[PDB]
>>> print(open('work-v4.tsv').read())   # TSV, C-alpha atoms and all ligand atoms
chain	number	residue	atom	x	y	z
C	390	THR	CA	261.81	-35.60	223.47
C	391	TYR	CA	259.47	-34.00	220.93
C	392	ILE	CA	259.07	-34.42	217.17
C	393	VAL	CA	258.96	-31.14	215.22
C	394	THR	CA	258.15	-30.81	211.52
C	395	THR	CA	258.82	-28.03	209.02
C	396	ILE	CA	259.15	-27.36	205.29
C	397	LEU	CA	262.46	-27.02	203.44
C	398	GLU	CA	261.65	-25.25	200.15
C	399	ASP	CA	261.37	-21.82	201.78
C	400	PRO	CA	263.71	-19.05	203.00
C	401	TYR	CA	262.64	-19.89	206.58
C	402	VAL	CA	264.22	-23.35	206.99
C	403	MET	CA	267.23	-24.10	204.78
C	404	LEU	CA	270.03	-26.66	204.70
C	405	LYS	CA	273.23	-24.89	205.69
C	406	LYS	CA	276.38	-25.70	203.73
C	407	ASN	CA	278.82	-28.34	204.98
C	408	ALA	CA	275.92	-30.45	206.26
C	409	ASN	CA	278.16	-33.53	206.34
C	410	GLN	CA	280.17	-31.99	209.18
C	411	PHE	CA	277.06	-31.21	211.24
C	412	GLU	CA	274.35	-33.68	212.27
C	413	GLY	CA	270.72	-33.51	213.32
C	414	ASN	CA	269.07	-30.15	213.89
C	415	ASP	CA	272.45	-28.39	214.04
C	416	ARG	CA	272.80	-28.65	210.25
C	417	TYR	CA	269.49	-26.89	209.54
C	418	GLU	CA	269.85	-23.10	209.76
C	419	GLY	CA	267.38	-20.32	209.05
C	420	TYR	CA	265.03	-17.75	210.49
C	421	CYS	CA	262.45	-20.39	211.40
C	422	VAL	CA	265.20	-22.47	213.02
C	423	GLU	CA	266.11	-19.61	215.36
C	424	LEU	CA	262.42	-19.20	216.22
C	425	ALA	CA	262.16	-22.86	217.22
C	426	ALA	CA	265.23	-22.53	219.45
C	427	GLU	CA	263.87	-19.46	221.23
C	428	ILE	CA	260.45	-21.06	221.79
C	429	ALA	CA	262.04	-24.26	223.11
C	430	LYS	CA	264.20	-22.14	225.43
C	431	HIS	CA	261.26	-20.12	226.77
C	432	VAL	CA	258.92	-23.09	227.25
C	433	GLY	CA	261.76	-25.32	228.45
C	434	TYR	CA	261.48	-28.56	226.48
C	435	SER	CA	263.94	-30.50	224.35
C	436	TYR	CA	263.03	-31.19	220.74
K	689	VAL	CA	259.28	-10.31	185.37
K	690	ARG	CA	263.02	-9.66	185.08
K	691	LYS	CA	262.86	-10.42	181.34
K	692	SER	CA	259.66	-8.45	180.65
K	693	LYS	CA	261.35	-5.21	181.83
K	694	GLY	CA	258.23	-3.45	183.06
K	695	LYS	CA	255.57	-5.62	181.41
K	696	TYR	CA	254.71	-8.43	183.88
K	697	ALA	CA	253.62	-7.62	187.45
K	698	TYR	CA	253.70	-10.81	189.52
K	699	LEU	CA	251.31	-11.00	192.48
K	700	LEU	CA	252.81	-12.92	195.42
K	701	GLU	CA	252.90	-12.74	199.20
K	702	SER	CA	254.66	-9.95	201.08
K	703	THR	CA	257.35	-12.03	202.79
K	704	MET	CA	258.34	-13.86	199.60
K	705	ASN	CA	258.41	-10.57	197.68
K	706	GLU	CA	260.68	-8.87	200.22
K	707	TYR	CA	263.08	-11.82	200.28
K	708	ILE	CA	263.24	-12.17	196.49
K	709	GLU	CA	263.96	-8.43	196.27
K	710	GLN	CA	266.69	-8.25	198.93
K	711	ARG	CA	268.25	-11.74	199.12
K	712	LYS	CA	268.48	-11.91	195.31
K	713	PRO	CA	270.02	-9.69	192.61
K	714	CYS	CA	267.75	-6.66	193.01
K	715	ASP	CA	266.55	-5.93	189.49
K	716	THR	CA	262.94	-5.81	190.75
K	717	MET	CA	261.25	-4.08	193.67
K	718	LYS	CA	258.04	-4.18	195.70
K	719	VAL	CA	255.56	-1.32	195.25
K	720	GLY	CA	252.29	-0.64	197.06
K	721	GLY	CA	250.71	-2.05	200.19
K	722	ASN	CA	249.19	-5.43	200.92
K	723	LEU	CA	245.88	-6.14	199.19
K	724	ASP	CA	244.50	-8.59	201.77
K	725	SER	CA	245.62	-9.52	205.29
K	726	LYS	CA	246.91	-12.95	206.32
K	727	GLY	CA	249.11	-14.34	209.08
K	728	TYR	CA	251.47	-17.23	209.73
K	729	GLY	CA	251.41	-19.33	212.88
K	730	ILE	CA	252.83	-22.45	214.51
K	731	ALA	CA	250.38	-25.28	215.14
K	732	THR	CA	249.66	-27.93	217.79
K	733	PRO	CA	247.60	-31.16	217.71
K	734	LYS	CA	243.95	-30.78	218.71
K	735	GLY	CA	243.67	-31.14	222.48
K	736	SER	CA	247.33	-31.04	223.50
K	737	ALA	CA	249.00	-29.55	226.58
K	738	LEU	CA	251.57	-27.74	224.37
K	739	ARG	CA	249.30	-24.88	223.27
K	740	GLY	CA	249.04	-22.59	226.30
K	741	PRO	CA	252.71	-22.07	227.20
K	742	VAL	CA	253.59	-22.09	223.49
K	743	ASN	CA	251.10	-19.30	222.76
K	744	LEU	CA	252.44	-17.30	225.71
K	745	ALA	CA	256.00	-17.71	224.40
K	746	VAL	CA	255.04	-16.44	220.94
K	747	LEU	CA	253.38	-13.32	222.35
K	748	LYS	CA	256.37	-12.76	224.64
K	749	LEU	CA	258.85	-12.94	221.76
K	750	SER	CA	256.72	-10.64	219.60
K	751	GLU	CA	256.39	-8.13	222.46
K	752	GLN	CA	260.11	-7.97	223.32
K	753	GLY	CA	261.00	-6.96	219.74
K	754	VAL	CA	262.65	-10.29	218.91
K	755	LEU	CA	260.70	-11.25	215.78
K	756	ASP	CA	261.40	-7.82	214.27
K	757	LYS	CA	265.12	-8.33	214.91
K	758	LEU	CA	265.14	-11.81	213.36
K	759	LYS	CA	263.26	-10.53	210.31
K	760	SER	CA	265.58	-7.55	209.80
K	761	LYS	CA	268.58	-9.90	210.10
K	762	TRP	CA	267.49	-12.58	207.60
K	763	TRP	CA	265.79	-10.22	205.13
K	764	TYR	CA	268.05	-7.13	205.16
K	765	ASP	CA	271.31	-7.94	206.97
K	766	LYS	CA	271.95	-10.89	204.61
K	767	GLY	CA	270.69	-9.68	201.24
K	768	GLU	CA	272.43	-10.55	197.99
K	769	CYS	CA	272.80	-7.05	196.52
K	770	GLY	CA	272.55	-5.48	199.98
K	771	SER	CA	271.28	-1.95	200.52
K	772	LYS	CA	273.28	0.16	198.06
K	773	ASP	CA	272.75	3.86	198.85
K	774	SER	CA	270.32	3.28	201.71
K	775	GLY	CA	269.51	6.99	201.65
K	776	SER	CA	266.99	7.23	198.82
K	777	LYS	CA	268.33	9.75	196.31
K	778	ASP	CA	265.55	12.30	195.78
K	779	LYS	CA	264.51	12.85	192.16
K	780	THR	CA	266.37	16.03	191.26
K	781	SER	CA	264.00	18.27	189.30
K	782	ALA	CA	266.93	20.22	187.84
K	783	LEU	CA	268.48	19.18	184.53
K	784	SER	CA	271.46	16.86	184.85
K	785	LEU	CA	274.81	17.54	183.21
K	786	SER	CA	274.80	14.37	181.09
K	787	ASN	CA	271.71	15.62	179.23
K	788	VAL	CA	273.74	18.45	177.67
K	789	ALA	CA	277.09	16.66	177.71
Q	422	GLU	CA	226.61	2.02	214.59
Q	423	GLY	CA	230.24	1.70	213.52
Q	424	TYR	CA	232.95	-0.86	212.79
Q	425	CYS	CA	232.75	-2.92	215.98
Q	426	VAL	CA	228.94	-2.71	215.87
Q	427	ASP	CA	228.84	-4.29	212.41
Q	428	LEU	CA	231.50	-6.79	213.50
Q	429	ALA	CA	229.36	-7.89	216.45
Q	430	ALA	CA	226.26	-8.03	214.23
Q	431	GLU	CA	228.14	-10.32	211.83
Q	432	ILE	CA	229.58	-12.47	214.63
Q	433	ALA	CA	226.14	-12.95	216.21
Q	434	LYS	CA	224.85	-14.06	212.80
Q	435	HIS	CA	227.35	-16.91	212.42
Q	436	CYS	CA	227.01	-17.64	216.18
Q	437	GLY	CA	223.34	-17.29	217.10
Q	438	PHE	CA	222.83	-15.75	220.54
Q	439	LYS	CA	221.12	-12.87	222.34
Q	440	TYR	CA	223.34	-9.81	222.81
Q	441	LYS	CA	222.91	-6.27	224.14
Q	442	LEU	CA	225.20	-3.42	223.06
Q	443	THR	CA	226.30	-2.39	226.53
Q	444	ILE	CA	228.84	0.40	227.02
Q	445	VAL	CA	231.57	0.30	229.66
Q	446	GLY	CA	231.12	2.89	232.39
Q	447	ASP	CA	234.86	3.45	232.86
Q	448	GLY	CA	235.88	4.02	229.24
Q	449	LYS	CA	239.31	2.45	229.79
Q	450	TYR	CA	241.10	-0.73	228.73
Q	451	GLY	CA	242.97	-3.53	230.47
Q	452	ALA	CA	245.42	-1.98	232.93
Q	453	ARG	CA	246.86	-3.81	235.93
Q	454	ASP	CA	246.53	-1.79	239.13
Q	455	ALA	CA	249.72	-0.85	240.97
Q	456	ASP	CA	248.71	-1.81	244.52
Q	457	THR	CA	245.13	-3.05	244.15
Q	458	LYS	CA	246.21	-5.56	241.45
Q	459	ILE	CA	242.76	-5.44	239.84
Q	460	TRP	CA	241.89	-4.98	236.18
Q	461	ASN	CA	239.68	-2.25	234.71
Q	462	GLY	CA	237.69	-1.47	231.60
Q	463	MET	CA	236.68	-4.38	229.39
Q	464	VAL	CA	239.25	-6.72	230.95
Q	465	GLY	CA	238.04	-5.75	234.42
Q	466	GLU	CA	234.44	-6.31	233.36
Q	467	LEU	CA	235.13	-9.73	231.81
Q	468	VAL	CA	237.30	-10.91	234.72
Q	469	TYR	CA	234.56	-10.10	237.27
Q	470	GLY	CA	231.49	-11.18	235.30
Q	471	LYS	CA	229.97	-8.08	233.71
Q	472	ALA	CA	229.83	-8.87	229.97
Q	473	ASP	CA	229.89	-11.90	227.68
Q	474	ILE	CA	232.18	-10.64	224.88
Q	475	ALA	CA	234.24	-7.54	224.04
Q	476	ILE	CA	233.92	-6.45	220.39
Q	477	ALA	CA	236.53	-3.71	220.59
Q	478	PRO	CA	240.08	-3.12	219.29
Q	479	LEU	CA	241.96	-4.53	222.29
Q	480	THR	CA	245.73	-4.69	221.75
Q	481	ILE	CA	246.68	-8.30	222.49
Q	482	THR	CA	249.78	-8.81	224.63
Q	483	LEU	CA	251.20	-11.09	227.33
Q	484	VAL	CA	249.70	-9.30	230.35
Q	485	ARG	CA	246.16	-9.67	228.94
Q	486	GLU	CA	246.27	-13.13	227.32
Q	487	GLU	CA	246.99	-14.77	230.69
Q	488	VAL	CA	243.54	-13.75	231.97
Q	489	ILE	CA	241.41	-13.41	228.80
Q	490	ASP	CA	241.63	-15.88	225.92
Q	491	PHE	CA	241.76	-13.68	222.82
Q	492	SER	CA	241.01	-14.69	219.22
Q	493	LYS	CA	242.63	-14.27	215.82
Q	494	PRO	CA	243.12	-10.53	215.16
Q	495	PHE	CA	240.64	-9.17	212.63
Q	496	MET	CA	243.01	-6.27	211.86
Q	497	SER	CA	246.67	-5.38	212.41
Q	498	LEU	CA	247.86	-2.11	213.92
Q	499	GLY	CA	251.10	-0.22	213.33
Q	500	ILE	CA	253.09	2.67	214.77
Q	501	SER	CA	253.00	4.88	211.68
Q	502	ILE	CA	254.19	8.42	210.95
Q	503	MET	CA	251.99	11.42	210.20
Q	504	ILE	CA	253.14	14.76	208.78
Q	505	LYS	CA	251.64	17.80	207.12
Q	506	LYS	CA	250.93	17.42	203.42
Q	507	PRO	CA	253.92	18.51	201.29
Q	508	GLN	CA	252.47	21.76	199.98
Q	509	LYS	CA	254.38	24.11	197.69
Q	510	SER	CA	256.84	26.11	199.78
Q	511	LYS	CA	257.44	29.82	199.24
Q	512	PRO	CA	260.00	30.22	196.42
Q	513	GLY	CA	262.92	32.17	197.86
Q	514	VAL	CA	265.61	34.19	196.12
Q	515	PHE	CA	267.93	32.68	193.49
Q	516	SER	CA	265.01	30.65	192.13
Q	517	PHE	CA	266.14	31.09	188.51
Q	518	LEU	CA	268.95	28.55	189.05
Q	519	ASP	CA	266.43	25.67	189.23
B	487	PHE	CA	246.92	-22.37	216.05
B	488	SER	CA	248.92	-19.86	218.08
B	489	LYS	CA	248.98	-16.09	217.76
B	490	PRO	CA	250.35	-14.86	214.41
B	491	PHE	CA	254.10	-14.31	214.74
B	492	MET	CA	254.27	-12.62	211.32
B	493	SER	CA	251.80	-10.67	209.19
B	494	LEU	CA	251.80	-10.61	205.40
B	495	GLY	CA	249.61	-9.94	202.39
B	496	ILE	CA	249.32	-10.30	198.64
B	497	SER	CA	251.85	-7.78	197.30
B	498	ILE	CA	252.83	-6.56	193.83
B	499	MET	CA	256.26	-7.15	192.30
B	500	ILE	CA	257.35	-5.11	189.28
B	501	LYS	CA	260.68	-4.67	187.54
B	502	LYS	CA	262.78	-1.99	189.23
B	503	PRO	CA	263.26	0.95	186.82
B	504	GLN	CA	266.94	1.44	186.09
B	505	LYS	CA	268.74	4.78	186.28
B	506	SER	CA	268.29	5.15	182.49
B	507	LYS	CA	271.47	7.11	181.84
B	508	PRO	CA	270.78	9.36	178.83
B	509	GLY	CA	273.03	9.18	175.81
B	510	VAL	CA	275.83	11.61	175.03
B	511	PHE	CA	273.80	13.21	172.20
B	512	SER	CA	270.48	13.28	174.08
B	513	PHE	CA	270.01	16.95	173.17
B	514	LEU	CA	269.53	15.92	169.51
B	515	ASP	CA	266.27	14.10	170.39
B	516	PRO	CA	263.63	16.81	169.68
B	517	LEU	CA	264.70	16.80	166.00
B	518	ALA	CA	265.14	13.60	164.02
B	519	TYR	CA	268.40	12.64	162.34
B	520	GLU	CA	266.81	13.41	158.96
B	521	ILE	CA	266.11	16.98	160.08
B	522	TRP	CA	269.66	17.66	161.27
B	523	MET	CA	271.21	16.42	158.02
B	524	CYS	CA	268.67	18.26	155.86
B	525	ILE	CA	269.53	21.45	157.78
B	526	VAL	CA	273.24	21.05	157.03
B	527	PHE	CA	272.59	20.33	153.35
B	528	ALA	CA	270.25	23.33	153.20
B	529	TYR	CA	272.87	25.40	155.03
B	530	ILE	CA	275.56	24.76	152.41
B	531	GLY	CA	272.98	25.10	149.64
B	532	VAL	CA	271.91	28.57	150.75
B	533	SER	CA	275.54	29.66	151.16
B	534	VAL	CA	276.54	28.63	147.63
B	535	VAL	CA	273.43	30.31	146.21
B	536	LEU	CA	274.19	33.47	148.19
B	537	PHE	CA	277.77	33.55	146.88
E	801	LIG	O1	244.14	-2.23	223.65
E	801	LIG	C1	244.25	-0.89	223.27
E	801	LIG	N1	243.67	-0.47	222.14
E	801	LIG	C2	243.77	0.82	221.77
E	801	LIG	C3	243.17	1.28	220.57
E	801	LIG	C4	243.27	2.62	220.18
E	801	LIG	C5	242.59	3.07	218.87
E	801	LIG	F1	242.07	1.98	218.24
E	801	LIG	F2	243.51	3.66	218.04
E	801	LIG	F3	241.57	3.94	219.14
E	801	LIG	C6	243.97	3.52	220.99
E	801	LIG	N2	244.11	4.94	220.63
E	801	LIG	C7	245.27	5.39	219.90
E	801	LIG	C8	245.73	6.79	220.33
E	801	LIG	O2	245.08	7.23	221.51
E	801	LIG	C9	243.68	7.27	221.37
E	801	LIG	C10	243.09	5.90	221.03
E	801	LIG	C11	244.57	3.07	222.17
E	801	LIG	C12	244.47	1.71	222.56
E	801	LIG	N3	245.05	1.27	223.71
E	801	LIG	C13	245.80	2.22	224.57
E	801	LIG	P1	247.63	2.04	224.18
E	801	LIG	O3	248.05	0.63	224.45
E	801	LIG	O4	248.42	2.98	225.05
E	801	LIG	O5	247.87	2.37	222.72
E	801	LIG	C14	244.95	0.00	224.08
E	801	LIG	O6	245.55	-0.45	225.26
E	802	LIG	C1	272.14	13.06	164.71
E	802	LIG	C2	273.50	13.01	164.03
E	802	LIG	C3	273.79	14.26	163.20
E	802	LIG	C4	273.77	15.53	164.05
E	802	LIG	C5	274.03	16.79	163.22
E	802	LIG	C6	273.97	18.06	164.06
E	802	LIG	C7	274.16	19.32	163.22
E	802	LIG	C8	274.03	20.59	164.05
E	802	LIG	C9	274.19	21.86	163.20
E	802	LIG	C10	273.13	21.96	162.11
E	803	LIG	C1	266.49	30.35	199.26
E	803	LIG	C2	267.30	31.50	199.86
E	803	LIG	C3	268.79	31.35	199.57
E	803	LIG	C4	269.60	32.52	200.13
E	803	LIG	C5	271.09	32.40	199.82
E	803	LIG	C6	271.89	33.60	200.32
E	803	LIG	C7	273.38	33.48	199.98
E	803	LIG	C8	274.17	34.71	200.43
E	803	LIG	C9	275.65	34.61	200.07
E	804	LIG	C1	277.37	12.57	160.69
E	804	LIG	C2	277.23	14.09	160.65
E	804	LIG	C3	278.55	14.80	160.91
E	804	LIG	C4	278.39	16.32	160.92
E	804	LIG	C5	279.71	17.03	161.22
E	804	LIG	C6	279.54	18.55	161.30
E	804	LIG	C7	279.01	19.14	159.99
E	804	LIG	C8	278.85	20.66	160.07
>>> encode(input="work-v4.tsv", output="structure tokens")
Amino acid sequence: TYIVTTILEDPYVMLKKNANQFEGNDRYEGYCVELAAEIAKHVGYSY
Amino acid sequence: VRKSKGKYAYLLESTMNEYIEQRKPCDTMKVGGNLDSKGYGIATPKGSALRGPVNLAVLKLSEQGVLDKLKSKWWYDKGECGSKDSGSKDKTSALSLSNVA
Amino acid sequence: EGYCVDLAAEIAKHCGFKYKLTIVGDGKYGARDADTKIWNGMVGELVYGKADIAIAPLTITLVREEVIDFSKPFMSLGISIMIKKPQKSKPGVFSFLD
Amino acid sequence: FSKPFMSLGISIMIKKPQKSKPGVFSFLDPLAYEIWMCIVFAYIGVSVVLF
């Protein structure tokens, strides 16, 4: 796998509500989160 | 700025200004164009094999109109006050009725 | 002498080298051929060994970055709108109700 | 670095001017309240003198 870093205090990556129900990267939601998913889908690598 | 009521003009970046205007109670607005020109970008350790295909994926997403869709969704489709009266009401030169009510 | 000329003069200052302001004989940009599958313009000149650098407003994209490593854009373009200046129209009849 | 996926710039943020709904008696603005009252008191004064 790969280790990916980002900042939290920004409208790009935010902690979605009900984070206790989710776990891992699924809890983090935001514009920058969708960009990371599309790039990982195009390149083809888990992260 | 919200308390000055037309007395304090804060100078910030374009993306943060558009988000604080739309995704917040819109008592302030952005006026004028950008003074300087900057640009964001994802990084990669110096001398790594994850720079070529990553750069090609960024240009592919920006060419297929995907980044413009994601921006219009998180900045406009999810604003706090929304877009009330999206059609900008032109400044009527005629005298209103409330002025002589 | 223009914008790209001054840009190349400033680039050659921070990166000392010998350069000649050559002009492309085709006057076109990077366009993939239908059947020949060969480039043209500045991309065709750089892919076949005709110039050392291209100080020109080349629109970066996916079809050109795979063959020519671009740099950070010095300026951003935009598909803008142009219209005639809003001059005073001819005042028609019933203009006293304004 | 990769190619810039988003462009930005130093922008200006000012308070959005409200609609500024004029008052009900906005037509009494060109003349102060002291003028309107002095006119009424001069109106009744001239009438009594004329009588
Ligand atoms: O890399 C490119 N850079 C370009 C730069 C310019 C400009 F800088 F504005 F001169 C223009 N023009 C805009 C209108 O037509 C006349 C000249 C075209 C360009 N094109 C062709 P396009 O892709 O069809 O737009 C490119 O390919
Ligand atoms: C401004 C409050 C008083 C307005 C008086 C208007 C009088 C009009 C007739 C003289
Ligand atoms: C500015 C021209 C207006 C013409 C209105 C004509 C109405 C006819 C009933
Ligand atoms: C407060 C002013 C009242 C005026 C009433 C009308 C007088 C002619």
>>> residues_around(input="work-v4.tsv", residues="region 396-413 of chain C", least_positions_apart="4", cutoff="12 Å", atoms="only C-alpha atoms", output="ChimeraX atom specification")
/C:417-425,436 /K:703-708,710-712,728,758-759,762-763,766-767
>>> write_last_selection(input="work-v4.tsv", atoms="C-alpha atoms", output="PDB file, in the frame of the given file")
ATOM      1  CA  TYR C 417     269.490 -26.890 209.540  1.00  0.00           C
ATOM      2  CA  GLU C 418     269.850 -23.100 209.760  1.00  0.00           C
ATOM      3  CA  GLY C 419     267.380 -20.320 209.050  1.00  0.00           C
ATOM      4  CA  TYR C 420     265.030 -17.750 210.490  1.00  0.00           C
ATOM      5  CA  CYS C 421     262.450 -20.390 211.400  1.00  0.00           C
ATOM      6  CA  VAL C 422     265.200 -22.470 213.020  1.00  0.00           C
ATOM      7  CA  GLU C 423     266.110 -19.610 215.360  1.00  0.00           C
ATOM      8  CA  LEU C 424     262.420 -19.200 216.220  1.00  0.00           C
ATOM      9  CA  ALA C 425     262.160 -22.860 217.220  1.00  0.00           C
ATOM     10  CA  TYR C 436     263.030 -31.190 220.740  1.00  0.00           C
TER      11      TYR C 436
ATOM     12  CA  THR K 703     257.350 -12.030 202.790  1.00  0.00           C
ATOM     13  CA  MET K 704     258.340 -13.860 199.600  1.00  0.00           C
ATOM     14  CA  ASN K 705     258.410 -10.570 197.680  1.00  0.00           C
ATOM     15  CA  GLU K 706     260.680  -8.870 200.220  1.00  0.00           C
ATOM     16  CA  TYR K 707     263.080 -11.820 200.280  1.00  0.00           C
ATOM     17  CA  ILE K 708     263.240 -12.170 196.490  1.00  0.00           C
ATOM     18  CA  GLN K 710     266.690  -8.250 198.930  1.00  0.00           C
ATOM     19  CA  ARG K 711     268.250 -11.740 199.120  1.00  0.00           C
ATOM     20  CA  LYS K 712     268.480 -11.910 195.310  1.00  0.00           C
ATOM     21  CA  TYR K 728     251.470 -17.230 209.730  1.00  0.00           C
ATOM     22  CA  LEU K 758     265.140 -11.810 213.360  1.00  0.00           C
ATOM     23  CA  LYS K 759     263.260 -10.530 210.310  1.00  0.00           C
ATOM     24  CA  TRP K 762     267.490 -12.580 207.600  1.00  0.00           C
ATOM     25  CA  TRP K 763     265.790 -10.220 205.130  1.00  0.00           C
ATOM     26  CA  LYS K 766     271.950 -10.890 204.610  1.00  0.00           C
ATOM     27  CA  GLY K 767     270.690  -9.680 201.240  1.00  0.00           C
TER      28      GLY K 767
END
>>> residues_near_point(input="work-v4.tsv", point="(249.0, -6.7, 225.3)", cutoff="10 Å", atoms="all atoms listed in the file", output="list in words")
residues 747, 748 and 751 of chain K; 451, 452, 479, 480, 481, 482, 483, 484, 485, 486 and 487 of chain Q
>>> interface_residues(input="work-v4.tsv", of="chain K", to="chain Q", cutoff="9 Å", atoms="only C-alpha atoms", output="VMD selection string")
chain K and resid 725 744 to 745 747 to 748 750 to 751 781 to 783
>>> closest_residue(input="work-v4.tsv", among="K:770, K:741, K:733, K:713", to="chain C", atoms="only C-alpha atoms")
K:741
>>> atom_distance(input="work-v4.tsv", atom1="CA of residue 440 (chain Q)", atom2="atom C2 of ligand LIG 801 (chain E)")
23.1 Å
>>> interface_residues(input="work-v4.tsv", of="chain B", to="chain Q", cutoff="9 Å", atoms="all atoms listed in the file", output="PDB file with C-alpha atoms, in the coordinates of the input")
ATOM      1  CA  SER B 488     248.920 -19.860 218.080  1.00  0.00           C
ATOM      2  CA  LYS B 489     248.980 -16.090 217.760  1.00  0.00           C
ATOM      3  CA  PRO B 490     250.350 -14.860 214.410  1.00  0.00           C
ATOM      4  CA  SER B 493     251.800 -10.670 209.190  1.00  0.00           C
TER       5      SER B 493
END
>>> atom_distance(input="work-v4.tsv", atom1="CA of residue 431 (chain C)", atom2="CA of residue 392 (chain C)")
17.4 Å
>>> residues_near_point(input="work-v4.tsv", point="(235.1, -5.6, 232.0)", cutoff="12 Å", atoms="only C-alpha atoms", output="NGL selection string")
:Q and (443-452 or 459-477 or 479 or 488-489)
>>> residues_near_ligand(input="work-v4.tsv", ligand="ligand LIG 803 (chain E)", cutoff="12 Å", atoms="all atoms listed in the file", output="list in words")
residues 510, 511, 512, 513, 514, 515, 516, 517, 518 and 519 of chain Q
>>> write_last_selection(input="work-v4.tsv", atoms="C-alpha atoms", output="PDB file, in the coordinates of the input")
ATOM      1  CA  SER Q 510     256.840  26.110 199.780  1.00  0.00           C
ATOM      2  CA  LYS Q 511     257.440  29.820 199.240  1.00  0.00           C
ATOM      3  CA  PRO Q 512     260.000  30.220 196.420  1.00  0.00           C
ATOM      4  CA  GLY Q 513     262.920  32.170 197.860  1.00  0.00           C
ATOM      5  CA  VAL Q 514     265.610  34.190 196.120  1.00  0.00           C
ATOM      6  CA  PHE Q 515     267.930  32.680 193.490  1.00  0.00           C
ATOM      7  CA  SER Q 516     265.010  30.650 192.130  1.00  0.00           C
ATOM      8  CA  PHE Q 517     266.140  31.090 188.510  1.00  0.00           C
ATOM      9  CA  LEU Q 518     268.950  28.550 189.050  1.00  0.00           C
ATOM     10  CA  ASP Q 519     266.430  25.670 189.230  1.00  0.00           C
TER      11      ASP Q 519
END
>>> residues_around(input="work-v4.tsv", residues="residue 722 (chain K)", least_positions_apart="3", cutoff="10 Å", atoms="all atoms listed in the file", output="PyMOL selection string")
(chain K and resi 700-702+719+725-726) or (chain B and resi 494-498)
>>> closest_residue(input="work-v4.tsv", among="Q:442, Q:430, Q:436, Q:498", to="ligand LIG 801 (chain E)", atoms="all atoms listed in the file")
Q:498
>>> residues_near_ligand(input="work-v4.tsv", ligand="ligand LIG 802 (chain E)", cutoff="7 Å", atoms="only C-alpha atoms and all ligand atoms", output="ChimeraX atom specification")
/B:514,519,522-523,525-526
>>> closest_residue(input="work-v4.tsv", among="K:776, K:760, K:692, K:771", to="chain B", atoms="all atoms listed in the file")
K:692
>>> interface_residues(input="work-v4.tsv", of="chain K", to="chain B", cutoff="9 Å", atoms="all atoms listed in the file", output="PyMOL selection string")
chain K and resi 689-703+705+709+714-733+739-740+742-744+746-747+749-750+755+786-789
>>> atom_distance(input="work-v4.tsv", atom1="CA of residue 395 (chain C)", atom2="CA of residue 738 (chain K)")
17.0 Å
>>> closest_residue(input="work-v4.tsv", among="C:428, C:391, C:433, C:414", to="chain B", atoms="all atoms listed in the file")
C:428
>>> axis_aligned_box(input="work-v4.tsv", around="region 415-420 of chain C", padding_each_side="4 Å", output="AutoDock Vina command-line options")
--center_x 268.9 --center_y -23.2 --center_z 211.5 --size_x 15.8 --size_y 18.9 --size_z 13.0
>>> decode(input="work-v4.tsv", residues="region 495-503 of chain B", atoms="N, CA, C and O atoms", output="short mmCIF file (atom, residue, chain, number, x, y, z; two decimals), in the first residue's frame")
data_model
loop_
_atom_site.label_atom_id
_atom_site.label_comp_id
_atom_site.auth_asym_id
_atom_site.auth_seq_id
_atom_site.Cartn_x
_atom_site.Cartn_y
_atom_site.Cartn_z
N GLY B 495 -5.51 33.13 -6.71
CA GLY B 495 -4.84 34.41 -6.65
C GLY B 495 -5.36 35.20 -5.46
O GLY B 495 -6.43 34.92 -4.92
N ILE B 496 -4.57 36.20 -5.08
CA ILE B 496 -4.93 37.06 -3.95
C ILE B 496 -6.13 37.90 -4.36
O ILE B 496 -6.03 38.76 -5.24
N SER B 497 -7.27 37.65 -3.74
CA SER B 497 -8.52 38.33 -4.06
C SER B 497 -8.89 39.30 -2.94
O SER B 497 -8.28 39.32 -1.87
N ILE B 498 -9.92 40.10 -3.21
CA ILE B 498 -10.42 41.10 -2.27
C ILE B 498 -11.79 40.66 -1.78
O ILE B 498 -12.63 40.21 -2.58
N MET B 499 -12.03 40.79 -0.48
CA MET B 499 -13.30 40.43 0.13
C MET B 499 -13.84 41.64 0.89
O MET B 499 -13.21 42.10 1.85
N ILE B 500 -14.99 42.15 0.45
CA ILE B 500 -15.64 43.28 1.09
C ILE B 500 -17.04 42.87 1.52
O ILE B 500 -17.59 41.87 1.04
N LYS B 501 -17.61 43.65 2.43
CA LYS B 501 -18.96 43.37 2.91
C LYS B 501 -19.97 43.60 1.79
O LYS B 501 -19.95 44.64 1.12
N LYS B 502 -20.85 42.63 1.58
CA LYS B 502 -21.85 42.72 0.53
C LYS B 502 -22.85 43.82 0.86
O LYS B 502 -23.48 43.77 1.93
N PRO B 503 -23.03 44.82 0.00
CA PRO B 503 -24.02 45.87 0.29
C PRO B 503 -25.43 45.31 0.29
O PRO B 503 -25.85 44.63 -0.65
#
